[PDB]
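Enquirer: Sequence, then structure. It's an experimental one.
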Amino acid sequence: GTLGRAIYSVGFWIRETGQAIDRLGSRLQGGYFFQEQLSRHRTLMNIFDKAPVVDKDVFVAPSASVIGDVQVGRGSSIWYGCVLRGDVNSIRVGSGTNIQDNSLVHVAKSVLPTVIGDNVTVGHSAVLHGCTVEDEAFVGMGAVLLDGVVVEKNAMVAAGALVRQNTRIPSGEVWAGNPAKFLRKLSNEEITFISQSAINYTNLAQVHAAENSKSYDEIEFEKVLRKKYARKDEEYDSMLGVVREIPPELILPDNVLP
Amino acid sequence: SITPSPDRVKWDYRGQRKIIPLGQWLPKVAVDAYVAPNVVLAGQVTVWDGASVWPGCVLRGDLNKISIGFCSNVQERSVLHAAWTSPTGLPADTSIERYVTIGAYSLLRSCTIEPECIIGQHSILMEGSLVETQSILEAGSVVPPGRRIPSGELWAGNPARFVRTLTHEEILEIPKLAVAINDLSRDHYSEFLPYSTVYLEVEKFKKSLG
Amino acid sequence: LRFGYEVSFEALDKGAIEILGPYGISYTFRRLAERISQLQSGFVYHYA
Amino acid sequence: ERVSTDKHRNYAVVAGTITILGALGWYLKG
Amino acid sequence: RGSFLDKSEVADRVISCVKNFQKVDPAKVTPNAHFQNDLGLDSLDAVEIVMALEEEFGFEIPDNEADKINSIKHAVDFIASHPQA
Amino acid sequence: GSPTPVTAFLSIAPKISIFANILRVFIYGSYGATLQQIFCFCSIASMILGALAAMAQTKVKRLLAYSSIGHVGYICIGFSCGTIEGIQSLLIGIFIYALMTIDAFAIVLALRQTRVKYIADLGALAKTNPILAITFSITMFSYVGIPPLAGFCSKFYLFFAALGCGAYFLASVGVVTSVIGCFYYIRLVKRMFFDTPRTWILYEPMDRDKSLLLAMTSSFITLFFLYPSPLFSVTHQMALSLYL
Amino acid sequence: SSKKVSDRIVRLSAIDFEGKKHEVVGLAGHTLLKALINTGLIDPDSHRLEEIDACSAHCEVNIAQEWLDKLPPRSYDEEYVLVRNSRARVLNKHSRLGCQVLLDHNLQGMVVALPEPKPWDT
Amino acid sequence: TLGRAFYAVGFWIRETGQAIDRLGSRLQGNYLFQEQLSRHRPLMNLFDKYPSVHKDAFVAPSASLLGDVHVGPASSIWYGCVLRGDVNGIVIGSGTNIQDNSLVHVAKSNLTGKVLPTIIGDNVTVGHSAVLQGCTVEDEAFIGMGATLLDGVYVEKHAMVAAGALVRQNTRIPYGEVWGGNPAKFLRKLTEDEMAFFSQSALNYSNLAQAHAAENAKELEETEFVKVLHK
Ligand SMILES: [Fe+3]
Ligand SMILES: [Zn+2]
């Protein structure tokens, strides 16, 4: 009522005074400081009149930057800080696959388009520059794949491996080292581990997307719930006759639990 | 055929959240520690006092715990991750003890770095690896899963190989380096006020829209 | 020269003075503190 | 549209302003 | 004072328990003897031997551990290494 | 055994009330040399066994309990003299001991966040929490009776009351106990500052409620030697007003 | 000369109070207490500092007599801790502190027993 | 110094003003200041070491320029880049490109030795995931993809370090040579066709950077803002 209106007016005056004091302090800084502004960073970017086409189930991190001709299929994941800008060419990422965080899937020329198949992992900080990776492959963390490289189905490039131009990684084979020597044969248990890793990371992507697609109200509500349910007392709960069950909001899905 | 979602966020008006709590797991950052605004700590991340998490890196402890110890430095654009179980049957949580300097493009997964360690950039530590106390790995070194770096040694090469033993004078400089990057992190820390002023910008945007 | 080490240092400075000084005092006080701590046996009957 | 809708918070603000005024009057009259 | 049974006492008790079977004979029983082959017994005989051992020693043997008691040496090691015996 | 707030309250609050009660029932009512002899024997035992038992302790709470027992023994020397200066010294010692105990238990509750149990747990605290290490070392030295801090004021004025008391035996036993019982405080200070343990127990920061109280108490303890006239005058007036 | 960790791995077994058989994996040079804590049958917060002064017999494990001959004998401090921190003030003659049990390939395959856990909170 | 003292005083005044603003917001019932927003700034400064970036030079919003970077005209810094020059300056010429997810940073502390400022010339590609650490690269050069360059590394004009190469301290890559391998070593001499390819790649990549900057300079989407705000 009138009390609320008066308190709102007082708060407005106090807010104006505080903003004036903040501006005075910023002026006294000497102009060196760079004021923090809005985000200005767009996750999905349309370039060359050519828009990204991502599925409704793909988890694309807000820190991830997809630009231009990236087309990502069902159940895929693009993690935090990964860059996929198909502007001079196209990038086609299949279904059930994951491109982990801080990685880069760039394409060149205008022709060596970047193709990544299904149920394939491209590990942390991995660099791709126009590769053709087939289904159910495995590129390790830090592996860099140059122009025209082709990796066959069920083939592994180990961590920190340079794979040069026009090199073909054959099926059921592991390639490791700076000039990417042949290493091993990637046995059946390893292939099963590859498939299980793809499925588990798809589930982890679903969990991450569910957590990351929350607005301010959901974030605040779950923060309050987490703070209140962080620690529990059983003596007083038993004395009162209460249980204090964990809410379903903080229950992590069993797909990502050991 | 893939079906694009019409209600997909192509612009969040706010970058990636620095702290991403998964379920009941809330990332914990010590007040003395400095984590850059560009980092992403997701899941079971625990950064202790004096840590120097530098811009551009990511720590995703959703699969298993990730721990950064006292005065530990993790540098720009590195990646830290973990997974259930390891090839060595030891606990697979990523542990980095005190006085450990970790370079720019370090790719750490299920490592057990003992205190007072130096690790160069482009260094990769796969699952089950541990670098023992008072050890140095130079830039570009990659350790295979289950490989260990013995204490008091320097290692190098794309396959990790022993180069030479470490003299006491060289060993004593690891904590000095750790506290030096700690001091630089403290210098970086003073530029951030407790609360950002971006909410004024979002309120201005709301007023402009209506 | 023999007096400098055989008598002054080993027999007196590191010997009788130290045995009857910080060393023996430390040992006796350690054992006495242990014996006193043995009294607190954690028994209500003992306290009564 | 320009009113605070929390009755409890409004009463708390009124009590705080009353407290400040009372403390100031006590200091001036003491 | 004392949490594990003595190795010699365990060996003697296990040997005596094995000796108390009609089918077995004291001549062919040795500290390292396989129940199925050396003693000429059957699956039910081995199961009953394990049950008699656990009844004598007064503690329940897990299923897999009992399945891995196919020898007198294995039985002695398990009983001597168990704190509930 | 009791929860840390409970034991802090038990160590701080009942002491002053029971001692004021003792002054009002014994010094006023039943004032006679036999009561002072009883409390002299009790003070000798309290100091000697408190020092001896706290030397052998390896837990923070038990060490605090035995330090409390020893300081009660010092309050008992102040009582067992039973003069004007004796009662004034008793009151000064009670005030200083209450302040020091509030300081120590505030620090303990600050370290309770990470569940500190043993003396070794606070090892290498001079690196993780420097200012906390200096604050707790200052508290330990105050418990010792090092001059610049507040504990020494109560200490020497108790000893002065004992020298004007005629109780040379009591004063000598008290001072020998003061020398003997310094060792475990020094061991605490060593654990914070001198040791380099293989593994460190990182302690979470404080709350403002404990931090403000700890800052005020540490400032009072460290800077009490610059201005003890108010406390000395108040305690003298209280001792004089006990009778007239 | 690859310097892996599987060589340092020492594999042993533990039967806890209720009799369940457990497999415990710990590195050589790392104590049995650390190995059991990593396995998860000992509360990590109960025992944090691997020191005799900070040990209150919360790391106590009963070991077989045929295994006691493969590790160094109990020290005076260890015996004192066992005597003091016990239900009855007696020495179990088969129990040793987990802090002083330095794992090694000689002790690889050792079978230990974890007694009933004790409270440690205040 | 007096400048740093005034900087600290300004920080105190700004903190007090922001606290007053938040008090007024709480009085109004507006709790949106509690909304945790990204505080990342594309250009971040130290006390008196603000980065310089010429106009008509592309800097991606995800790129972070910390400290004493000195970007020149017509050059590009792409998404995910980190450019740290707090300990010592970073000089970056005209027409160069710092491609995606790259890092150009100066050494922290003086424990190893004197801190060498980072220098990058004109019309030079600086790699696609490179980690340059206080080195000098001359004009019309091609630092390769995911390449490590340690302090003291001097790459001459028209010289190539291939992808994945790790050039160690105090190493000089001479004119018209390719260096690669983890212990960076010479492989094969360059050709005038490859040098022309380097220059043409630099030019067309600067053009692509201009296109990216033009596309990114568009106004923020009110539709996307409303979509995020409402549910
Ligand atoms: Fe122990
Ligand atoms: Zn590219």
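Expert: Yes, it's here. Numbers count the residues shown, from 1 in each chain, chains lettered A, B, ... in the order given. Ligands and ions are numbered 1, 2, ... in the order given.
Enquirer: what's the longest strand in chain A?
Expert: Identified as the longest strand of chain A according to DSSP state E is strand A:83-93.
Enquirer: ok, residues contacting the helix or strand following that strand?
Expert: Per DSSP states H and E, the first helix or strand lying C-terminal to strand A:83-93 is strand A:98-99. Residues outside strand A:98-99 that contact it (C-beta atoms under 8 Å, 6 or more residues apart in numbering or on different chains): A:76-79, A:82, A:84, A:93, A:105, A:116, A:120-122, A:126, A:198, A:201-202, A:205. C-beta: built from backbone N, CA, C; applies to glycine.
Enquirer: List the pairing partners of strand A:98-99 within its sheet, with orientation.
Expert: strand A:77-78 (parallel), strand A:121-122 (parallel) (DSSP bridges).
Enquirer: for chain F, what spans make up the helices?
Expert: F:4-22, F:33-55, F:60-81, F:84-111, F:125-128, F:130-144, F:150-163, F:168-180, F:182-193, F:208-222, F:229-241 (DSSP state H).
Enquirer: Please name whichever of those helices is nearest to residue H:46.
Expert: helix F:130-144 (25.7 Å; C-beta to C-beta).
Enquirer: and the closest one, what does it pack onto?
Expert: helix F:84-111, helix F:125-128, helix F:150-163, helix F:182-193, helix F:208-222 (3 or more C-beta pairs under 8 Å, 6 or more residues apart in numbering or on different chains; DSSP states H and E).
Enquirer: again, only using 6 Å
Expert: With contacts defined as 3 or more C-beta pairs under 6 Å, 6 or more residues apart in numbering or on different chains; DSSP states H and E, helix F:130-144 has these neighbours: helix F:84-111, helix F:150-163, helix F:182-193.
Enquirer: For residue G:112, which residues are in contact?
Expert: Residues in contact with residue G:112 (C-beta atoms under 6 Å, 6 or more residues apart in numbering or on different chains) are G:14, G:61, G:63.
Enquirer: Name the surrounding residues that touch the top strand by length along chain B.
Expert: In terms of residue count, the longest strand belonging to chain B (DSSP E) is strand B:58-68. Strand B:58-68 is contacted from outside by A:80, A:101-102, B:22, B:40-47, B:51, B:79-83, B:92-96, using C-beta under 6 Å, 6+ apart.
Enquirer: What residues sit buried inside the longest helix seen in chain B?
Expert: Longest helix in chain B by number of residues (criterion: DSSP H): helix B:168-189. By 16 or more other C-beta atoms under 10 Å in any protein chain shown, the buried positions in helix B:168-189 come out as B:171, B:173-175, B:177-182, B:184-185, B:188.
Enquirer: Can you add distance to residue F:194 and give those residues back as a markdown table?
Expert: A markdown table is the format used below for the buried residues of helix B:168-189 (distance: C-beta to C-beta, whole Å):
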| residue | distance to residue F:194 |
| --- | --- |
| B:171 | 21 |
| B:173 | 23 |
| B:174 | 22 |
| B:175 | 17 |
| B:177 | 24 |
| B:178 | 21 |
| B:179 | 19 |
| B:180 | 25 |
| B:181 | 27 |
| B:182 | 22 |
| B:184 | 29 |
| B:185 | 28 |
| B:188 | 32 |
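Enquirer: just to revisit the earlier point, please pick the buried ones from the contacts of strand B:58-68.
Expert: A:80, A:101-102, B:22, B:40-47, B:51, B:79-83, B:92-96.
Enquirer: Over in chain F, which residue gets nearest chain D? Let me know.
Expert: Nearest residue of chain F to chain D (C-beta to the nearest C-beta) works out as residue F:208 at 19.4 Å.
Enquirer: Neighbours of that residue, how many?
Expert: Other residues lying near residue F:208 total 7 when counted by other C-beta atoms under 10 Å in any protein chain shown.
Enquirer: Distance check, the residue of chain F most remote from its centre against residue G:48.
Expert: Relative to the centre of chain F, the most outlying C-alpha is that of residue F:198, 32.1 Å out, by C-alpha atoms, centre = their mean. Per C-beta to C-beta, to the nearest Å, residue F:198 is found 12 Å from residue G:48.
Enquirer: swap in residue C:27?
Expert: 31 Å.
Enquirer: Name the residue in the two with the higher neighbour count.
Expert: Using other C-beta under 10 Å as the criterion, residue C:27 and residue G:48 rank with residue G:48 on top: 19 against 11.
Enquirer: And the residue of chain B closest to chain C?
Expert: For chain B, C-beta to the nearest C-beta, closest residue to chain C: residue B:168, 29.9 Å.
Enquirer: Roughly how far does that residue sit from chain F?
Expert: 15 Å (C-beta to the nearest C-beta, to the nearest Å).
Enquirer: Repeat that for residue A:160.
Expert: 32 Å.
Enquirer: Can you give me every residue that contacts that residue?
Expert: Counting by C-beta under 6 Å, 6+ apart, the residues that residue A:160 touches are A:142, B:124, B:142.
Enquirer: Backbone dihedrals for it, please?
Expert: Main-chain dihedrals, residue A:160, degrees, to the nearest 10: phi 60, psi 40.
Enquirer: beta partners of the residue lying closest to residue G:108 once chain neighbours are set aside?
Expert: Nearest residue to residue G:108 in three dimensions, chain neighbours excluded: residue G:10, at 4.7 Å (C-beta to C-beta, 6 or more residues apart in numbering or on different chains). With DSSP bridges applied, residue G:10 shows beta-bridge pairing to residue G:26.
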